[PDB]
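Consider the single chain below, provided in structure tokens and representing the form deposited in one PDB entry.
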């Protein structure tokens, strides 16, 4: 698998579980929506409203600075170490 990708994967899931728990609890979201927000926020897509609560905004500011690096690193490794080899193997003629 490659221990780095594996670890990046775990950390990213941990980061997303944490956001998911925080947003459903504090912003009153359904888990699906708290997870959805966490994800589109850390990947910087952002096509949702902002948080309503001041805790929500605060946590969110911290969550982005601490979380964006992990998330983008995971994507990088996924693309470089997972997807690129898959594509390679799939462009082989047999």
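Residue numbers count along the first chain shown, from 1. Residues that one form lacks are left out of the comparison. Just so we're on the same page, rigid core means the largest C-alpha set that superposes within 1.5 Å between forms.
One more form of this protein exists, namely the form deposited in another entry; it is left out here, but the text below deals with it.
**Student:** If you line up the core, does residue 23 shift 2 angstroms or more at its C-alpha between this form and the one not shown?
**Tutor:** No, shifts by less than 2 Å.
**Student:** How about residue 14 - superposed on the rigid core, does its CA move between this form and the one not shown by 2 Å or more?
**Tutor:** No, its C-alpha moves less than 2 Å.
**Student:** Segments of at least 3 residues with every CA displaced 2 Å or more between this form and the one not shown, core-aligned, in sequence order?
**Tutor:** In sequence order, the runs that relocate between this form and the one not shown are 66-68, 71-84.
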